[PDB]
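Below you'll find only one chain, the form deposited without the DNA, shown as structure tokens.
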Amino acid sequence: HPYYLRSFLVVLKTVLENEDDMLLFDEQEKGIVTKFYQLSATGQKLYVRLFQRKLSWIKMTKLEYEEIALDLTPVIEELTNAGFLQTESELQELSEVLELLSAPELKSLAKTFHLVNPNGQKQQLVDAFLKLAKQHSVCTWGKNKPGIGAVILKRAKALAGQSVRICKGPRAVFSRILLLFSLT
């Protein structure tokens, strides 16, 4: 969208002319915003859009945005390197990956496990799986190795694949920026 590109940068370059705004923002926030202008012109769109979107660990295979490129993966690599788009990387959080996984995929994961009633409603299987976390007595059959949850997240990431998310820091600081701009 041109409007997404047209506005955001305009919002910043009008909030720029206010000495109070810099008086209320520290040097670190200023440096992040300087990095943000420093970002490539065509690389602006991926942070511009997903910011104006739902916050969740979501896979790139779902993304379809092509007005930049169909293989704009290197732009995401740049964003990850600069520190906006956290990739798969630190994904060890059972709840998050279970939300990431799809319902048929959840059914399949239930099938390869031996849960009870492996056919229900989306979240019900999720807390049924989290019930398996109450453990570390049976995985101690032989070696201790309590990473039952590690096994589940490994097989889920294999089932799911890649995904990304925005770091809280930037999101928060530009939320502050646009809310000061609004003042309503």
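Quick note: we count residues from 1 along the sequence shown, nothing fancier.
Form deposited with the DNA bound: not shown, discussed below.
Contact with the DNA in the deposited complex, defined as a heavy atom within 4.5 Å, is made by all three of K54, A103 and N119. Look at 121-129, 141-149, 29-37, 65-73: in the deposited complex, residues with non-hydrogen atoms within 4.5 angstroms of the DNA sit in 121-129. Interface residues of 68-91, taken as those with a heavy atom within 4.5 Å of the DNA in the deposited complex (partner not displayed), are absent.
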